[PDB]
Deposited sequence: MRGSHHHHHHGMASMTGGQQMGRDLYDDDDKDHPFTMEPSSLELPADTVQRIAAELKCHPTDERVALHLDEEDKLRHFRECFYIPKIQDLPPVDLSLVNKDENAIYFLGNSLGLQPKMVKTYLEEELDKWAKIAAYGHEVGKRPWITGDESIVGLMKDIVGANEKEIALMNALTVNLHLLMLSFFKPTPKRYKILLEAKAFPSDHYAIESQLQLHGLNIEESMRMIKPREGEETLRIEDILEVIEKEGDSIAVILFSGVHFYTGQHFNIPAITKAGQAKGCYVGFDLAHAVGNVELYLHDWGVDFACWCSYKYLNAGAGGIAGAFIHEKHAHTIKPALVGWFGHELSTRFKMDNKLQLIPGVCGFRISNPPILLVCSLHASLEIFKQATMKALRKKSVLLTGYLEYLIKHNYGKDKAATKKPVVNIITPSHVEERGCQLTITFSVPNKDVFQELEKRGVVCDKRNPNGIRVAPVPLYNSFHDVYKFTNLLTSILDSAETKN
């Protein structure tokens, strides 16, 4: 299949322009079958952004929002969905637990079907509950059962701090020596990303002593998308459980958790899934574990619905991940996530990933064409080894590139000493966004 760089160059030829011409981005936007989804979101205006220098920008232009990997833009329908539940609460109060589009007792289950295609799992394998790191702990309390022979947790070095702290506290819970039991894979000297052959070597050599492998799906800092099925197979080959924090993977890369045989996973909803800060999180457990991996911590919402409200204190635990659901679900959080997932349903992950590959590929192409020496893309170059996000470093001692970018209405993340992350997302970022960004960047780098 045609690589992004080649698509860009072929399109330019057809248009009779240079691949770096604005006309290429405009054409790609015209051909984008997902173009209409941008209208489904509230996009900030440049003049409203706190760090913006108004002298440097055109008023009433949209922001170039490349932070959708961290805090996803708002589906316009969030308010409408909230209003449905507020109106029910106003009109019938307590009766809302049992009636309506989203009966509160089953608020989570009413929309979980919309997650099936996003993570590649069945309805009984997915729970919508709590918060990401909270879910990580709930799962680890059942999946991490260390023995004298098999007691290690394997993860990447420089994991996201929350996961790092979670893993540390899990080890401390069992009185395990951290330095000996917390195995962290570091890159080779002079490299920032991990080589798959190196990960697999560690697993092959140390796997017998490892209880659980807990990796990110996409590493937050490098933008590296790890080979989930390869790590899963390798870990299970050595008798390890393999789970993933998919915070930067869900709604970004395509996922087949069930078919890949992943043991468990967890994710948040306020990044690529656009549900709003601190939104209701998610958990997956493969159905193969439904009768054998039981919740460590139980609440009444792990009791089967049909008899839960008998309140006879005779537990009837739901098999699989829903047995891990402790409390009644927050309807208001269900509302905002639901609005987002209806959009994902219409777009499809297949079509979104297709646009992403071309969009991020176009960004990479323009960067490398303009500065192919000063500018380094740390994110892996193989299209299958990254998602939306590129992590980029700069060697310009006199310029804080990030500061100059944010002053001009580019919303992205800082990488110290002198770099960005940027993640154009297919739902609401355009090829023209990418074109405009690269122009601002070039203008900054030229001084």
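Residues of the deposited sequence with no modelled C-alpha atom fall in the ranges 1-41, 415-422, 497-501.
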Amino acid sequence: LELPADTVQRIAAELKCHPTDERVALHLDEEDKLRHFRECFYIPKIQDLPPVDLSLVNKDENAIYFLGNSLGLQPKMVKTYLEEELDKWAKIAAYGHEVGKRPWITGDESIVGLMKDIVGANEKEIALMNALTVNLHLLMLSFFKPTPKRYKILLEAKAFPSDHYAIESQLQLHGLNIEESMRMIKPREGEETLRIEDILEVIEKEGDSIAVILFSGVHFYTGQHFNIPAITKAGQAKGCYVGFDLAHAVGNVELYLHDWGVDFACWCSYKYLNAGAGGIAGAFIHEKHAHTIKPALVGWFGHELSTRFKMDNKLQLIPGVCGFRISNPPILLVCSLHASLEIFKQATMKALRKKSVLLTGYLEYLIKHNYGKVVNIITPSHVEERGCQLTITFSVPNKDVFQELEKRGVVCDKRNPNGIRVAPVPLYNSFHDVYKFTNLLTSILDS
From here on, numbers count along this sequence of modelled residues.
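Remark: stretch with higher mean C-alpha B factor among 325-333 and 237-245 is 237-245. Relative to its counterpart among 411-419 and 28-36, 411-419 has the higher mean temperature factor, C-alpha atoms as listed in the PDB entry. Between the residues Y272, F144, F309, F160, it is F309 that shows the highest Cα B-factor in the PDB record.
Remark: of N376, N252, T80, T133, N376 shows the highest value [criterion: C-alpha B-factor in the PDB entry]. Among all modelled residues in its chain, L173 ranks in the middle third by Cα B-factor.
Placement of the Cα temperature factor of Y42 within the chain: middle third of the modelled residues, per the deposited record. In the deposited entry, the Cα temperature factor of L128 sits in the bottom third of values across the chain's modelled residues.
In the PDB entry, a CA B factor belonging to the highest third of its chain's modelled residues is recorded for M182. Ranked by Cα temperature factor within the chain, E192 sits in the highest third according to the deposited record.
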